[PDB]
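See below for the structure under consideration.
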Amino acid sequence: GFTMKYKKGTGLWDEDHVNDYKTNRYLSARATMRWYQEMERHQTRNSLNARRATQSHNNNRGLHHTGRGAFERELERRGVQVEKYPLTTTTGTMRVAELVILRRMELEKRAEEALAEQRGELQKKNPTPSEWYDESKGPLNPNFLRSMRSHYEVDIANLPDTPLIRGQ
Amino acid sequence: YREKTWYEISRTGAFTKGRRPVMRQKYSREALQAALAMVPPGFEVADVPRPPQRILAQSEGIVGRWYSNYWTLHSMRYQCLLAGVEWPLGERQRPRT
Amino acid sequence: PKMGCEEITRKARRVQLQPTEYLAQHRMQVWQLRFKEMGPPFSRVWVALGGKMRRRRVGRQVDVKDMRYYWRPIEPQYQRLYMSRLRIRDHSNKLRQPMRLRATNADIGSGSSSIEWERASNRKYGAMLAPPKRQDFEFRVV
Amino acid sequence: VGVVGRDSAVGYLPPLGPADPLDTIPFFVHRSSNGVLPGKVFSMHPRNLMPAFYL
Amino acid sequence: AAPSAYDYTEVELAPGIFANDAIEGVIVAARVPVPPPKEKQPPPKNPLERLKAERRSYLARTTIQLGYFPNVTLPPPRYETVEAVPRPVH
Amino acid sequence: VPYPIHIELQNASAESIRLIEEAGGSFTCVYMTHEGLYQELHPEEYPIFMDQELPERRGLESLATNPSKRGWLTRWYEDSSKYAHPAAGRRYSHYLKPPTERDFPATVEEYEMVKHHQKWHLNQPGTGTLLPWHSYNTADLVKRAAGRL
Amino acid sequence: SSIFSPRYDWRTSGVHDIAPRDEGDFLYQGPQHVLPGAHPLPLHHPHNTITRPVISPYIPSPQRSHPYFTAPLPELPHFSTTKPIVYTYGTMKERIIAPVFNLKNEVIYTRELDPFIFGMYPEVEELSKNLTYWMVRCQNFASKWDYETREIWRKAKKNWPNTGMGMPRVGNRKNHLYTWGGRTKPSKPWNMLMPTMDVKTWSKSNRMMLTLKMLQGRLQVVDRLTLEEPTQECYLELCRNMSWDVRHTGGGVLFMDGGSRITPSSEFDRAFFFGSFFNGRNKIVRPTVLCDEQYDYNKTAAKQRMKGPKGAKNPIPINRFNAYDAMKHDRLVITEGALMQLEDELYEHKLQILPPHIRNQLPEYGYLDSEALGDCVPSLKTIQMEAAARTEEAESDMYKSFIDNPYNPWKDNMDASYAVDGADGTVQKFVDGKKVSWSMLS
Amino acid sequence: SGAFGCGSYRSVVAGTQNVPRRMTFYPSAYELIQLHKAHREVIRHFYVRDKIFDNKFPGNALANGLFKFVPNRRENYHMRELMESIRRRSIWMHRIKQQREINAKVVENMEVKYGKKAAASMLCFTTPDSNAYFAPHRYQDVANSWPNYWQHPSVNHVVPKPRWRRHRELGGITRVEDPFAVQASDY
RNA sequence: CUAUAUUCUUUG
RNA sequence: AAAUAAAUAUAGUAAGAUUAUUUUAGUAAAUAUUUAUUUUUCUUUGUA
Ligand SMILES: NC(=O)c1ccc[n+]([C@@H]2O[C@H](COP(=O)([O-])OP(=O)(O)OC[C@H]3O[C@@H](n4cnc5c(N)ncnc54)[C@H](O)[C@@H]3O)[C@@H](O)[C@H]2O)c1
């Protein structure tokens, strides 16, 4: 019947638009891997079967596995473009991705030096912490002050028992 | 053996051509021109009556003698209207009393 | 059904999902021929005409005869009684409101406006209540 | 005529701001996305079509 | 296709510093030299961690080059022009 | 209505129309077959302008060709539709092309029937054209009984 | 039992052996004595900062509206929000600025969070809707199957006639009364409800959960989630070096893996993704708080061989963000790619919510500048979306000479003539006396 | 048909005079939203039509080159979902590009009639509470719009200030030194 | 209820 | 007609069962659930 075939691949990721009613709250370390196996084999099984069925069916009808007949067979010999809208091929869609990535990596070199150019410059201005260091309103976190230690020239994490207000 | 049971015989939307495309490939310009070039001269579109509802609506693409197929004829006509290809054949006539 | 049962260990029947009734099943047309409902939201009469008519007209009087040509609200028991058949689509949905006699435009459009129908270009924006498309001048069902 | 305060036969005006300054209203009320003011009149137990209402 | 429209897309490298502030001084993504595909690593010089590496998971044995979508760059074709390809006999 | 509005809807009430027109606005009463609705609400689906049906008969009487509702076919009615064929006689007026040349009924049986019709109904001007004695009582042929013009 | 019922108060003696354990037990010293565990409020989880360490600038206090930076601090680089910030209904109405952590656990540049996302102030009914959705959804619905009266396999005949015996009146005894029997109306998957949940509610509830994680000071923002190798001990090396507690007993980490500031991805980082299966309490989820609309193609009864549940046939998949797995794992680790993607998908949503006298000022303030129209230079997108975009940049050239061109449809309107045909109702388009319009096929 | 700003086909047949309209300045702010989320959509169609497999488990790894869509389906997805989405986006673009042509004219007419200052001051949509939605720190003394109404600086006096002290002997625990209130337990 | 009454009126 | 195998026929004048105390408003017309009205006096009144 009508099970919404057109929404099958519509989803952004591989795991959606799939009726998954066999599941649990907590998924273990290998149940999660099982889940990620099930989903991608749900896509792959259903795609490869739909490839096989039509390739076999096109072969049984005496034409090319594509569904591309004798006429279109002649057009490719004569060098004629055989269809109206030549959609991007596999190799193309891989190439896009890698060119995008190869832009991003270069940019992540340049940003690295940019930020390292700034950070050393506003460290030399600030050996002492600014007006965020005040716990007048509420206590500082020693969990976080161990992380902020490196920038400053002083010992931050040594905190008096008494609350410190604009402490020196 | 029943290759299609009563329910999927009952659905005439799939079978008949209402609101449904019956030719699923779309040809480029120099493809359409070659396809039109294989039509024998002295052929009118008006000589190809639209088949009844009983007959399934389908198009085998461009095969030999594709102009005998009604739906192929007119689907090709639509691509020729989109691509700006001149249509050599006639057009469908409406006879009246 | 116990891990000992000779009953269940030999398979007999397997029960399926049971089909639901027509959503409009209870709006029966013998009501829709007789009455019509009139009202502002939250108060609505069902109104009908009187039968004394088609047996003896003559001899009685003109006033008692034309007391028959007025629309009149049905007795409230009967209205509740007929309305009750329209209330059985959702029990325990207290936030709902009963179905009307004649389907309004919202109630026609509600069945095509879902996110399950949005790809169906049949039956969209109402179809079956419009007159049919002129068929191809050579159209024939044989 | 100005653009914000235009003539409208229905009548609609963007919020005018507080009628007195130097004073703070403890609450703030948002118009809807269509410009409607928040009060909604429902019915308590709409299934039986009770005349009893609320806001 | 020469520089793409998106090659001018704005990213903030450092606050107050944009990648479009360099302008050609713009990164054209297709003109970035493609690194050659890395295959699986050669087995270590030692039998022990060779056997232990061979003992690993199929997931841990996945070679990583790009890291995203094709993991390993595809090699460029032998011809830079589409009609530069020799046409055999049909 | 303070500002002018230009709007295309179907079957507006008279007061709404005069309220729009007083402002210096516009109203055009479009009336569409179902296909028309789907083609306006989903324009993207159809690349070329496609041949669109005229709405049906009763709707053409009451809406599309109505100057009061300001339908869109009023020009078409006042230019093309309201005139008969240039050759056509009075009896054959409604036909697209006159079926015969001579306006006089061309069959002796049809002539006998027209004589009987003209003595049936008494002799009124329109009696020449045969109208059948029996009716449909169907809603697709009925028009307005009485109302403001 | 119940507090009122007389069964309560039983066992007047014997509940405690009267004698101390000589290791753990002690006397109450006095008012100067600090008792382990004792607190004036009803804490079902009495965790302090030592057991469940919170990472934020300040320990959350009633004086602080949120435990993060309210102003960009002069000693670190400050990155502004990806999209411009608008304050909607439930938003905190105060500037939320969070530090970013490197993978070496030092603090790196500071980044401003979006109060529409991380500021939607939690109220409990919404989170309730979220939680009940997740716990009803996450059952195994295939296990709800049970036998029924017609499913028993006995003889259908009256087993003894009811006339003269003192025996009960019994026939076809496959009923629910009997030890071998089955019920009249049993439970079984196609009768079990799977709840439908619309995007508005999911979006709102997840926003409020993120905000709740901010207010509890348990939110962490990281550059990348990236491992040297796909192996597990690299992952544990990471979790150990930057102080994530992944032990089952300890409070876990909930990852939103986005890529980085510069290169965000919708897909997980492969290297990190394979190392991320540790047996402990941790979960890696998709970088989205939205959800696809849930469609029901049996809403009436129609398809009977459906096994299924009754309800939405498109339940939210398990690797999304939710209330349950937020409440289980304490630290919420969000990559900046995830931040960018969240803001990107929620932008239009927040714009529509605003009152109309406010949405009119959006273009004036430059909120609505659009790359498509080309008033600005295009914005930062993910890897996949840049791929798709360049794909369309590439394929826009095949539609030029065709009349069905999407990028210039109906260019022929304002030179066009229209002609009403009277022989059969049709309105046909004409240009230069040629009929342009296409009569539809059936 | 309709769907642009000009008019439908049945007004051309109707011959209604739509041409000399009065031009007013309408920011077209709603359409920019719809355009943002249309252009957001088109790209998604291009992405999900162009998925190809990368399978990370070995059993499913025989398919890793192929598109996730069957070609026959990928074509149909290109016709039905994708290239008509471009048309929707296209329509929004047209309806805005008309109106910048119109708004330019309104601005010029008002610049001549008024002068740049007066004109630009009239063509501003500023509402007195626009600071409530944009920079609330300028709005705080006007109304209390916070979800925390007890932490707004006007009502801030209500929340208590504890006297708290850290403890080394408890392990870095901060603790409030305030005495508890004795409670009513009995009647 | 079905038939005969077909204008504001009429049968079993 | 008998036996064997399949069904869920119907049974308020045939019937029988129906699973969790310490409770918080009364007795068409009645009763029950949800809900509504501060309509005038010396006191009093469950009306809808
Ligand atoms: N109810 C309908 O008939 C209906 C509904 C929605 C859309 N449409 C659109 O109406 C137009 C024609 O409909 P029809 O039924 O008269 O013919 P059709 O669509 O049944 O057949 C048209 C022929 O031209 C092909 N074609 C369609 N779009 C094409 C394109 N954009 N480029 C190249 N070839 C294309 C079709 O696949 C087929 O080969 C098409 O845009 C169709 O999609 C029609």
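Line order of the protein sequences matches chains BT, Av, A8, Al, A2, AP, AF and BW. Just so you know, the authors' numbering puts the end of the first sequence at 177, numbered straight through with nothing missing. Just so you know, the authors' numbering puts the end of the second sequence at 146, numbered straight through with nothing missing. Just so you know, the authors' numbering puts the end of the third sequence at 181, numbered straight through with nothing missing. Just so you know, the authors' numbering puts the end of the fourth sequence at 164, numbered straight through with nothing missing. Per the authors' numbering, the fifth sequence runs over residues 211 to 233, 248 to 314. Just so you know, the authors' numbering puts the end of the sixth sequence at 374, numbered straight through with nothing missing. Just so you know, the authors' numbering puts the end of the seventh sequence at 459, numbered straight through with nothing missing. Just so you know, the authors' numbering puts the end of the eighth sequence at 188, numbered straight through with nothing missing. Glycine is no exception: its CB is placed at the ideal position from the N, C-alpha and C atoms.
- Within the stretch 43 to 74 of chain BT, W44, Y45 and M48 place their CB atoms closer than 9 Å to a CB of chain AF, listed in sequence order.
- Judged by DSSP secondary structure, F252 (chain AP) falls outside any alpha helix (DSSP H) and instead within the beta strand (DSSP E) spanning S251 to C254.
- Listed in chain order, the non-local C-beta contacts of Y76 (chain Av) below 7 Å within the same chain comprise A84 and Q128, local neighbours out to five positions each way being set aside.
- The beta carbon of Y256 (chain AP) sits closer than 6 Å to those of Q235, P280, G284, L288 and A289, all from its chain and outside the five residues before and after it, given in chain order.
- Among the CB atoms of chain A8, none fall inside 8 Å of the CB of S283 (chain AF).
- Only buried fits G275 (chain AF), as 16 or more other CB atoms lie within 10 angstroms of its CB.
- Taken in chain order, the whole beta strand (DSSP E) runs of length 3 or more contained in the stretch 229 to 285 of chain AP are 231 to 234 and 251 to 254.
- Legend: CB atoms of the stretch 68 to 79 of chain AF lying less than 9 Å from CB atoms of chain BT belong to residues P70, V71, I72, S73, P74, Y75, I76, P77, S78 and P79.
- Only residues of its own chain outside the window of five on either side were considered, and among them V159 and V160 have a CB closer than 7 Å to the CB of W151 (chain BW), listed in chain order.
- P299 (chain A2) and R112 (chain BT) have their C-alpha atoms spaced approximately 18 Å apart.
- Of the other Cβ atoms in all chains shown, 16 or more fall within 10 Å of the Cβ of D51 (chain BW); this residue is therefore buried.
- At a beta-carbon threshold of 8 Å, the residues of chain AP lying near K172 (chain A8) are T258, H259, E260 and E278, ordered along the chain.
- The alpha helix (DSSP H) runs of length 4 or more contained entirely in the stretch 268 to 313 of chain AF are, from start to end of the chain, 287 to 292.
- The Cβ atoms of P206 (chain AF) and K324 (chain AF) lie closer than 8 Å to each other.
- Annotation for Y106 (chain AF) indicates a beta carbon at 7 Å or more from all heavy atoms of ligand 1.
- Measuring C-alpha to C-alpha distances from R43 (chain BT) to each of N61 (chain BW), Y78 (chain BW), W93 (chain BW) and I97 (chain BW) identifies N61 (chain BW) as the nearest.
- DSSP, read as helix, strand or coil, puts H95 (chain AF) in strand.
- For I87 (chain BW), the enclosing alpha helix (DSSP H) starts and ends at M84 to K114.
- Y435 (chain AF) is positioned such that its CB atom lies no closer than 8 Å to that of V107 (chain BW).
- Per DSSP, reduced to three states, the secondary structure at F228 (chain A2) is strand.
- Rounded to the nearest whole angstrom, the C-alpha separation of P271 (chain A2) and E278 (chain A2) is 10 Å.
- At least 8 Å separates the beta-carbon of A389 (chain AF) from that of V105 (chain BT).
- Between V306 (chain AF) and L359 (chain AF), the beta carbon gap of about 6 Å places them in contact (Cβ cut-off 8 Å).
- Residue environment analysis places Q311 (chain AF) among the buried positions, since at least 16 neighbouring C-beta atoms fall within 10 angstroms of its C-beta.
- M152 (chain AF) is positioned such that its CB atom lies closer than 8 Å to that of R34 (chain BT).
- Under the three-state reduction of DSSP, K75 (chain Av) is assigned to coil, being neither helix nor strand.
- Of the heavy atoms belonging to ligand 1, at least one sits nearer than 7 Å to the Cβ of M72 (chain Av).
- Around the CB of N230 (chain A2), fewer than 16 other CB atoms lie within 10 Å, so the residue is classed as exposed.
- The criterion of a C-beta distance shorter than 8 Å is satisfied by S91 (chain BW) and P426 (chain AF).
- Assigned with DSSP and collapsed to three states, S2 (chain BW) falls in coil, not helix or strand.
- Distance from the C-beta of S2 (chain BW) to the nearest heavy atom of ligand 1 is not below 7 Å.
- Not a single C-beta of chain AF is nearer than 8 Å to the C-beta of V181 (chain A8).
- Secondary structure at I351 (chain AF): strand, using DSSP grouped into helix, strand and coil.
- Within 7 Å of the C-beta of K93 (chain BT) there is at least one heavy atom belonging to ligand 1.
- Set against 7 Å, the gap from the CB of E265 (chain AP) to the closest heavy atom of ligand 1 is not smaller.
- Under the DSSP assignment, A119 (chain BW) falls outside any beta strand (DSSP E), being part of the alpha helix (DSSP H) whose first and last residues are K117 to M123.
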